[PDB]
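This is query-v9.tsv. It holds TSV, N, CA and C atoms.
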```tsv
chain	number	residue	atom	x	y	z
Z	1	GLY	N	91.37	-11.74	28.58
Z	1	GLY	CA	90.00	-11.43	28.22
Z	1	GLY	C	89.12	-11.20	29.44
Z	2	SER	N	88.30	-12.19	29.78
Z	2	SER	CA	87.41	-12.09	30.93
Z	2	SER	C	88.09	-12.60	32.19
Z	3	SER	N	88.90	-11.74	32.81
Z	3	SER	CA	89.62	-12.11	34.02
Z	3	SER	C	89.19	-11.22	35.19
Z	4	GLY	N	89.30	-11.76	36.40
Z	4	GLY	CA	88.92	-11.01	37.59
Z	4	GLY	C	87.43	-11.07	37.86
Z	5	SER	N	86.94	-12.25	38.20
Z	5	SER	CA	85.52	-12.44	38.48
Z	5	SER	C	85.06	-11.50	39.58
Z	6	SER	N	85.74	-11.56	40.72
Z	6	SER	CA	85.39	-10.71	41.86
Z	6	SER	C	85.74	-9.25	41.57
Z	7	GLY	N	86.99	-9.01	41.18
Z	7	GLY	CA	87.42	-7.66	40.88
Z	7	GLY	C	88.51	-7.62	39.83
Z	8	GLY	N	89.76	-7.76	40.27
Z	8	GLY	CA	90.88	-7.73	39.35
Z	8	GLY	C	91.83	-6.58	39.62
Z	9	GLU	N	92.48	-6.09	38.56
Z	9	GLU	CA	93.42	-4.99	38.69
Z	9	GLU	C	92.73	-3.66	38.38
Z	10	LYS	N	93.12	-2.62	39.11
Z	10	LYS	CA	92.55	-1.29	38.91
Z	10	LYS	C	92.28	-1.02	37.43
Z	11	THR	N	91.06	-0.63	37.12
Z	11	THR	CA	90.68	-0.34	35.74
Z	11	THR	C	90.09	1.06	35.61
Z	12	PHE	N	89.80	1.46	34.38
Z	12	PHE	CA	89.24	2.78	34.12
Z	12	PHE	C	87.82	2.89	34.67
Z	13	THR	N	87.36	4.11	34.88
Z	13	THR	CA	86.02	4.35	35.41
Z	13	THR	C	85.03	4.63	34.29
Z	14	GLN	N	83.78	4.87	34.67
Z	14	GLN	CA	82.73	5.15	33.69
Z	14	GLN	C	82.19	6.57	33.87
Z	15	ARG	N	83.09	7.55	33.83
Z	15	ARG	CA	82.70	8.95	33.99
Z	15	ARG	C	82.08	9.48	32.71
Z	16	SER	N	82.36	8.81	31.59
Z	16	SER	CA	81.82	9.23	30.30
Z	16	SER	C	80.52	8.50	29.99
Z	17	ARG	N	79.66	8.38	31.00
Z	17	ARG	CA	78.38	7.70	30.84
Z	17	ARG	C	77.26	8.71	30.60
Z	18	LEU	N	76.67	8.67	29.41
Z	18	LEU	CA	75.59	9.58	29.06
Z	18	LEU	C	74.23	8.94	29.33
Z	19	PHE	N	73.32	9.71	29.92
Z	19	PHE	CA	71.99	9.21	30.23
Z	19	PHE	C	70.98	9.71	29.20
Z	20	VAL	N	70.20	8.78	28.66
Z	20	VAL	CA	69.19	9.12	27.66
Z	20	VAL	C	67.78	8.83	28.18
Z	21	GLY	N	66.97	9.87	28.28
Z	21	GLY	CA	65.61	9.71	28.77
Z	21	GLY	C	64.57	10.04	27.71
Z	22	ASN	N	63.31	9.76	28.01
Z	22	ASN	CA	62.22	10.03	27.07
Z	22	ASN	C	62.42	9.25	25.77
Z	23	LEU	N	62.83	8.00	25.90
Z	23	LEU	CA	63.05	7.15	24.73
Z	23	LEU	C	61.74	6.55	24.24
Z	24	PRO	N	61.60	6.45	22.91
Z	24	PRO	CA	60.40	5.90	22.27
Z	24	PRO	C	60.26	4.40	22.49
Z	25	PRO	N	59.02	3.90	22.43
Z	25	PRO	CA	58.73	2.47	22.62
Z	25	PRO	C	59.24	1.62	21.46
Z	26	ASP	N	59.90	2.26	20.51
Z	26	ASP	CA	60.44	1.56	19.35
Z	26	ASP	C	61.95	1.71	19.28
Z	27	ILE	N	62.59	1.77	20.44
Z	27	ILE	CA	64.04	1.91	20.51
Z	27	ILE	C	64.69	0.62	20.99
Z	28	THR	N	65.67	0.15	20.22
Z	28	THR	CA	66.38	-1.08	20.57
Z	28	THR	C	67.89	-0.86	20.57
Z	29	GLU	N	68.62	-1.80	21.17
Z	29	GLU	CA	70.07	-1.71	21.24
Z	29	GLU	C	70.66	-1.33	19.88
Z	30	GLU	N	69.99	-1.75	18.81
Z	30	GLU	CA	70.45	-1.45	17.46
Z	30	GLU	C	70.36	0.05	17.18
Z	31	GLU	N	69.15	0.60	17.30
Z	31	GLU	CA	68.93	2.02	17.05
Z	31	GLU	C	69.94	2.86	17.82
Z	32	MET	N	70.19	2.50	19.07
Z	32	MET	CA	71.14	3.22	19.91
Z	32	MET	C	72.53	3.21	19.29
Z	33	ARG	N	73.04	2.02	19.02
Z	33	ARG	CA	74.37	1.87	18.42
Z	33	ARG	C	74.48	2.69	17.14
Z	34	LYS	N	73.41	2.73	16.37
Z	34	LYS	CA	73.39	3.47	15.12
Z	34	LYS	C	73.30	4.97	15.38
Z	35	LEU	N	72.58	5.34	16.43
Z	35	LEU	CA	72.42	6.75	16.80
Z	35	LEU	C	73.76	7.37	17.17
Z	36	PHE	N	74.65	6.56	17.74
Z	36	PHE	CA	75.97	7.04	18.14
Z	36	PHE	C	77.05	6.43	17.25
Z	37	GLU	N	76.72	6.22	15.98
Z	37	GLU	CA	77.67	5.65	15.03
Z	37	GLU	C	78.70	6.69	14.60
Z	38	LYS	N	78.37	7.96	14.79
Z	38	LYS	CA	79.27	9.05	14.42
Z	38	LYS	C	80.35	9.24	15.48
Z	39	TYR	N	80.04	8.87	16.71
Z	39	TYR	CA	80.99	9.01	17.81
Z	39	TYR	C	81.55	7.64	18.22
Z	40	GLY	N	81.46	6.68	17.31
Z	40	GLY	CA	81.96	5.35	17.59
Z	40	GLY	C	80.99	4.53	18.41
Z	41	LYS	N	81.23	3.22	18.49
Z	41	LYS	CA	80.37	2.32	19.25
Z	41	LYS	C	80.55	2.54	20.75
Z	42	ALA	N	79.44	2.73	21.45
Z	42	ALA	CA	79.47	2.95	22.89
Z	42	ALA	C	79.92	1.69	23.62
Z	43	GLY	N	80.87	1.86	24.53
Z	43	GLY	CA	81.38	0.73	25.29
Z	43	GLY	C	80.28	-0.04	26.00
Z	44	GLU	N	79.35	0.69	26.60
Z	44	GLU	CA	78.24	0.07	27.31
Z	44	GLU	C	76.90	0.61	26.82
Z	45	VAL	N	76.02	-0.30	26.40
Z	45	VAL	CA	74.71	0.09	25.90
Z	45	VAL	C	73.61	-0.78	26.52
Z	46	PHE	N	72.74	-0.16	27.31
Z	46	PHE	CA	71.65	-0.87	27.95
Z	46	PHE	C	70.34	-0.09	27.83
Z	47	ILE	N	69.31	-0.76	27.33
Z	47	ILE	CA	68.01	-0.13	27.15
Z	47	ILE	C	66.93	-0.89	27.92
Z	48	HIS	N	66.24	-0.18	28.81
Z	48	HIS	CA	65.17	-0.78	29.61
Z	48	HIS	C	63.82	-0.20	29.24
Z	49	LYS	N	62.87	-1.08	28.91
Z	49	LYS	CA	61.53	-0.66	28.53
Z	49	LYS	C	60.67	-0.41	29.77
Z	50	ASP	N	60.53	-1.43	30.60
Z	50	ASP	CA	59.74	-1.33	31.82
Z	50	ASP	C	59.86	0.06	32.43
Z	51	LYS	N	61.06	0.63	32.35
Z	51	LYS	CA	61.31	1.96	32.89
Z	51	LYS	C	61.37	3.00	31.78
Z	52	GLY	N	61.73	2.56	30.58
Z	52	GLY	CA	61.82	3.47	29.45
Z	52	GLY	C	63.02	4.38	29.53
Z	53	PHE	N	64.21	3.79	29.60
Z	53	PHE	CA	65.44	4.56	29.68
Z	53	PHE	C	66.60	3.82	29.02
Z	54	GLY	N	67.65	4.55	28.67
Z	54	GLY	CA	68.80	3.95	28.03
Z	54	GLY	C	70.11	4.58	28.47
Z	55	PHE	N	71.04	3.74	28.93
Z	55	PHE	CA	72.33	4.23	29.39
Z	55	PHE	C	73.43	3.90	28.38
Z	56	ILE	N	74.17	4.92	27.97
Z	56	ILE	CA	75.25	4.75	27.01
Z	56	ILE	C	76.58	5.21	27.58
Z	57	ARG	N	77.63	4.43	27.33
Z	57	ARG	CA	78.96	4.77	27.83
Z	57	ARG	C	79.99	4.71	26.70
Z	58	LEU	N	80.52	5.87	26.33
Z	58	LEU	CA	81.51	5.96	25.26
Z	58	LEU	C	82.91	5.69	25.80
Z	59	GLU	N	83.87	5.57	24.89
Z	59	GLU	CA	85.26	5.31	25.27
Z	59	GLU	C	85.92	6.59	25.78
Z	60	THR	N	86.11	7.55	24.87
Z	60	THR	CA	86.74	8.82	25.23
Z	60	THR	C	85.73	9.78	25.83
Z	61	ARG	N	86.18	10.99	26.14
Z	61	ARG	CA	85.31	12.01	26.72
Z	61	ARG	C	84.88	13.02	25.66
Z	62	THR	N	85.82	13.42	24.81
Z	62	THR	CA	85.53	14.38	23.75
Z	62	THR	C	84.27	14.00	22.98
Z	63	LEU	N	84.11	12.70	22.73
Z	63	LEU	CA	82.95	12.21	22.00
Z	63	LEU	C	81.67	12.45	22.79
Z	64	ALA	N	81.67	12.03	24.05
Z	64	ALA	CA	80.50	12.21	24.91
Z	64	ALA	C	80.05	13.67	24.93
Z	65	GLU	N	81.02	14.58	24.90
Z	65	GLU	CA	80.72	16.01	24.92
Z	65	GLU	C	80.02	16.43	23.63
Z	66	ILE	N	80.67	16.18	22.50
Z	66	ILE	CA	80.10	16.53	21.20
Z	66	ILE	C	78.73	15.91	21.01
Z	67	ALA	N	78.60	14.64	21.40
Z	67	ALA	CA	77.33	13.93	21.28
Z	67	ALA	C	76.34	14.37	22.35
Z	68	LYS	N	76.87	14.77	23.50
Z	68	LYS	CA	76.03	15.22	24.61
Z	68	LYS	C	75.21	16.44	24.21
Z	69	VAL	N	75.86	17.39	23.53
Z	69	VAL	CA	75.19	18.60	23.08
Z	69	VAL	C	74.44	18.37	21.77
Z	70	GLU	N	75.08	17.67	20.85
Z	70	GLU	CA	74.47	17.38	19.55
Z	70	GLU	C	73.15	16.64	19.73
Z	71	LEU	N	73.21	15.46	20.32
Z	71	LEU	CA	72.02	14.65	20.55
Z	71	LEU	C	71.05	15.36	21.49
Z	72	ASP	N	71.59	15.98	22.54
Z	72	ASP	CA	70.78	16.69	23.51
Z	72	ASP	C	69.70	17.52	22.81
Z	73	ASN	N	68.44	17.21	23.11
Z	73	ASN	CA	67.32	17.92	22.51
Z	73	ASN	C	67.19	17.59	21.02
Z	74	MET	N	67.22	16.30	20.71
Z	74	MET	CA	67.10	15.85	19.33
Z	74	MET	C	65.83	15.03	19.12
Z	75	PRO	N	65.12	15.30	18.02
Z	75	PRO	CA	63.88	14.61	17.68
Z	75	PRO	C	64.11	13.15	17.29
Z	76	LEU	N	63.29	12.26	17.83
Z	76	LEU	CA	63.41	10.84	17.54
Z	76	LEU	C	62.03	10.22	17.28
Z	77	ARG	N	61.75	9.94	16.01
Z	77	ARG	CA	60.47	9.35	15.63
Z	77	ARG	C	59.31	10.18	16.14
Z	78	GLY	N	59.56	11.47	16.35
Z	78	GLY	CA	58.52	12.36	16.85
Z	78	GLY	C	58.63	12.61	18.34
Z	79	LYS	N	59.35	11.73	19.03
Z	79	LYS	CA	59.53	11.87	20.47
Z	79	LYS	C	60.77	12.70	20.79
Z	80	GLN	N	60.85	13.19	22.02
Z	80	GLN	CA	61.98	14.00	22.45
Z	80	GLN	C	63.07	13.13	23.07
Z	81	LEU	N	64.30	13.64	23.07
Z	81	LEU	CA	65.43	12.91	23.63
Z	81	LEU	C	66.20	13.77	24.63
Z	82	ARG	N	66.19	13.36	25.89
Z	82	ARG	CA	66.89	14.09	26.94
Z	82	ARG	C	68.25	13.46	27.23
Z	83	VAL	N	69.31	14.22	26.97
Z	83	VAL	CA	70.67	13.74	27.21
Z	83	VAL	C	71.34	14.53	28.32
Z	84	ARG	N	71.60	13.86	29.44
Z	84	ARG	CA	72.24	14.49	30.59
Z	84	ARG	C	73.31	13.58	31.19
Z	85	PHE	N	74.46	14.16	31.51
Z	85	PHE	CA	75.56	13.40	32.09
Z	85	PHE	C	75.10	12.63	33.32
Z	86	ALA	N	75.15	11.30	33.24
Z	86	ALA	CA	74.74	10.45	34.34
Z	86	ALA	C	75.67	10.62	35.54
Z	87	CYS	N	76.97	10.56	35.29
Z	87	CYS	CA	77.96	10.71	36.35
Z	87	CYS	C	78.07	12.16	36.80
Z	88	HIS	N	78.19	13.07	35.84
Z	88	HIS	CA	78.30	14.49	36.13
Z	88	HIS	C	76.91	15.14	36.22
Z	89	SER	N	76.58	15.65	37.40
Z	89	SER	CA	75.29	16.30	37.61
Z	89	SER	C	75.47	17.76	38.01
Z	90	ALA	N	75.60	18.62	37.01
Z	90	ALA	CA	75.78	20.05	37.25
Z	90	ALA	C	76.77	20.30	38.38
Z	91	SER	N	77.85	19.52	38.40
Z	91	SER	CA	78.87	19.65	39.43
Z	91	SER	C	80.09	20.39	38.89
Z	92	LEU	N	80.00	21.72	38.86
Z	92	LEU	CA	81.10	22.55	38.37
Z	92	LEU	C	81.62	23.47	39.47
Z	93	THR	N	82.69	23.04	40.13
Z	93	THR	CA	83.29	23.82	41.20
Z	93	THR	C	84.42	24.70	40.68
Z	94	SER	N	84.05	25.87	40.17
Z	94	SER	CA	85.03	26.81	39.63
Z	94	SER	C	84.39	28.16	39.32
Z	95	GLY	N	85.20	29.11	38.87
Z	95	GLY	CA	84.69	30.43	38.54
Z	95	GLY	C	85.56	31.16	37.55
Z	96	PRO	N	85.52	30.72	36.28
Z	96	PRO	CA	86.31	31.33	35.20
Z	96	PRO	C	85.82	32.72	34.84
Z	97	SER	N	86.69	33.71	35.02
Z	97	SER	CA	86.35	35.10	34.71
Z	97	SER	C	86.56	35.40	33.23
Z	98	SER	N	85.61	36.12	32.64
Z	98	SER	CA	85.69	36.47	31.23
Z	98	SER	C	84.74	37.62	30.90
Z	99	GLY	N	84.85	38.14	29.68
Z	99	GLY	CA	83.99	39.24	29.27
Z	99	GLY	C	84.61	40.07	28.16
```

Translate this file's structure into structure tokens.
Amino acid sequence: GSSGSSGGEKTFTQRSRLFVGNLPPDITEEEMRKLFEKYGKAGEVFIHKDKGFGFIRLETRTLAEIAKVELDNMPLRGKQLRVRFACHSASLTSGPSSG
């Protein structure tokens, strides 16, 4: 269970961490968990008022993607919701040709 106080054995990373901004003053850990009930319970859920932000971390990646676009630009109690990859910041090093 809770082993490795200092560190432990190599574990998975948190690349699937979605950042939620512009959160309403009526948002709680509950609302969040329910908001992402379609993509399963987020591994990590933290909501800060003083700053007005919420960090969510899903298990898989496919979910974060579907929810990243779906939730992205979604109305919440009248307020707006900004969803942007916390770990990934417009970092696309490639050039796929198409047309």

- What is the distance, in Å and to one decimal place, between atom C of residue Z:19 and atom C of residue Z:64?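 For atom C of residue Z:19 relative to atom C of residue Z:64, the distance reads 10.8 Å.
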
- Select, from Z:66, Z:18, Z:7, Z:28, the residue with the minimum atom-to-atom distance to residue Z:83, counting all atoms listed in the file.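 Result for the nearest residue to residue Z:83: Z:18.
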
- atom CA of residue Z:82 to atom C of residue Z:25, distance in Å rounded to a single decimal: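 Separation between atom CA of residue Z:82 and atom C of residue Z:25: 15.6 Å.
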
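Atom to atom, atom CA of residue Z:32 and atom CA of residue Z:16 stand 16.1 Å apart.
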
- Message: Neighbouring residues of residue Z:59 were defined as those with any atom within 6.5 Å, considering all atoms listed in the file; residues of the same chain fewer than 3 positions away were excluded. Please report them as a PyMOL selection string.
- Response: chain Z and resi 41-43

Write the residues you've just listed into a file as a compact mmCIF listing (two decimals), in the frame of the given file, and include N, CA and C atoms for each of them.
```
# COMPACT_ATOMS: atom_id res chain seq x y z
N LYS Z 41 81.23 3.22 18.49
CA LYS Z 41 80.37 2.32 19.25
C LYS Z 41 80.55 2.54 20.75
N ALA Z 42 79.44 2.73 21.45
CA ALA Z 42 79.47 2.95 22.89
C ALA Z 42 79.92 1.69 23.62
N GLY Z 43 80.87 1.86 24.53
CA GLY Z 43 81.38 0.73 25.29
C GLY Z 43 80.28 -0.04 26.00
```

- Task: Please give the complete set of residues from chain Z that DSSP, run on the backbone, assigns to helix (DSSP H, G or I), formatted as number ranges by chain.
- Result: Z: 29-35, 62-71

- Anything within 9 Å of (67.3, -0.5, 25.8): list those residues as a PyMOL selection string, counting only C-alpha atoms and sticking to the file's coordinates. chain Z and resi 23+27-30+32+45-49+52-55

From a DSSP pass on the backbone, collect the residues of chain Z flagged as strand (DSSP E or B) and hand them back as an mmCIF file with N, CA and C atoms, keeping the file's coordinate frame.
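So the final result, stored in part.cif, reads:
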```cif
data_model
loop_
_atom_site.group_PDB
_atom_site.id
_atom_site.type_symbol
_atom_site.label_atom_id
_atom_site.label_comp_id
_atom_site.auth_asym_id
_atom_site.auth_seq_id
_atom_site.Cartn_x
_atom_site.Cartn_y
_atom_site.Cartn_z
ATOM 1 N N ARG Z 17 79.660 8.380 31.000
ATOM 2 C CA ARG Z 17 78.380 7.700 30.840
ATOM 3 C C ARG Z 17 77.260 8.710 30.600
ATOM 4 N N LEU Z 18 76.670 8.670 29.410
ATOM 5 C CA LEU Z 18 75.590 9.580 29.060
ATOM 6 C C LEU Z 18 74.230 8.940 29.330
ATOM 7 N N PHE Z 19 73.320 9.710 29.920
ATOM 8 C CA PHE Z 19 71.990 9.210 30.230
ATOM 9 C C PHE Z 19 70.980 9.710 29.200
ATOM 10 N N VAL Z 20 70.200 8.780 28.660
ATOM 11 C CA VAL Z 20 69.190 9.120 27.660
ATOM 12 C C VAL Z 20 67.780 8.830 28.180
ATOM 13 N N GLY Z 21 66.970 9.870 28.280
ATOM 14 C CA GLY Z 21 65.610 9.710 28.770
ATOM 15 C C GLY Z 21 64.570 10.040 27.710
ATOM 16 N N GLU Z 44 79.350 0.690 26.600
ATOM 17 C CA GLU Z 44 78.240 0.070 27.310
ATOM 18 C C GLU Z 44 76.900 0.610 26.820
ATOM 19 N N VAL Z 45 76.020 -0.300 26.400
ATOM 20 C CA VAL Z 45 74.710 0.090 25.900
ATOM 21 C C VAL Z 45 73.610 -0.780 26.520
ATOM 22 N N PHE Z 46 72.740 -0.160 27.310
ATOM 23 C CA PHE Z 46 71.650 -0.870 27.950
ATOM 24 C C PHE Z 46 70.340 -0.090 27.830
ATOM 25 N N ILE Z 47 69.310 -0.760 27.330
ATOM 26 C CA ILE Z 47 68.010 -0.130 27.150
ATOM 27 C C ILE Z 47 66.930 -0.890 27.920
ATOM 28 N N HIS Z 48 66.240 -0.180 28.810
ATOM 29 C CA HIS Z 48 65.170 -0.780 29.610
ATOM 30 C C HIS Z 48 63.820 -0.200 29.240
ATOM 31 N N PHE Z 53 64.210 3.790 29.600
ATOM 32 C CA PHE Z 53 65.440 4.560 29.680
ATOM 33 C C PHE Z 53 66.600 3.820 29.020
ATOM 34 N N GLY Z 54 67.650 4.550 28.670
ATOM 35 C CA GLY Z 54 68.800 3.950 28.030
ATOM 36 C C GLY Z 54 70.110 4.580 28.470
ATOM 37 N N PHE Z 55 71.040 3.740 28.930
ATOM 38 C CA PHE Z 55 72.330 4.230 29.390
ATOM 39 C C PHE Z 55 73.430 3.900 28.380
ATOM 40 N N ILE Z 56 74.170 4.920 27.970
ATOM 41 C CA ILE Z 56 75.250 4.750 27.010
ATOM 42 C C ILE Z 56 76.580 5.210 27.580
ATOM 43 N N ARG Z 57 77.630 4.430 27.330
ATOM 44 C CA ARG Z 57 78.960 4.770 27.830
ATOM 45 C C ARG Z 57 79.990 4.710 26.700
ATOM 46 N N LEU Z 76 63.290 12.260 17.830
ATOM 47 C CA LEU Z 76 63.410 10.840 17.540
ATOM 48 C C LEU Z 76 62.030 10.220 17.280
ATOM 49 N N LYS Z 79 59.350 11.730 19.030
ATOM 50 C CA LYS Z 79 59.530 11.870 20.470
ATOM 51 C C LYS Z 79 60.770 12.700 20.790
ATOM 52 N N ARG Z 82 66.190 13.360 25.890
ATOM 53 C CA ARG Z 82 66.890 14.090 26.940
ATOM 54 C C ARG Z 82 68.250 13.460 27.230
ATOM 55 N N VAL Z 83 69.310 14.220 26.970
ATOM 56 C CA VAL Z 83 70.670 13.740 27.210
ATOM 57 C C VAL Z 83 71.340 14.530 28.320
ATOM 58 N N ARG Z 84 71.600 13.860 29.440
ATOM 59 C CA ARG Z 84 72.240 14.490 30.590
ATOM 60 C C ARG Z 84 73.310 13.580 31.190
ATOM 61 N N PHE Z 85 74.460 14.160 31.510
ATOM 62 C CA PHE Z 85 75.560 13.400 32.090
ATOM 63 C C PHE Z 85 75.100 12.630 33.320
#
```

- Go through Z:40, Z:8, Z:78, Z:1 one by one, measure the shortest atom-to-atom distance of each to residue Z:24 using all atoms listed in the file, and give the residue with the smallest value.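 Closest residue, counting all atoms listed in the file: Z:78.
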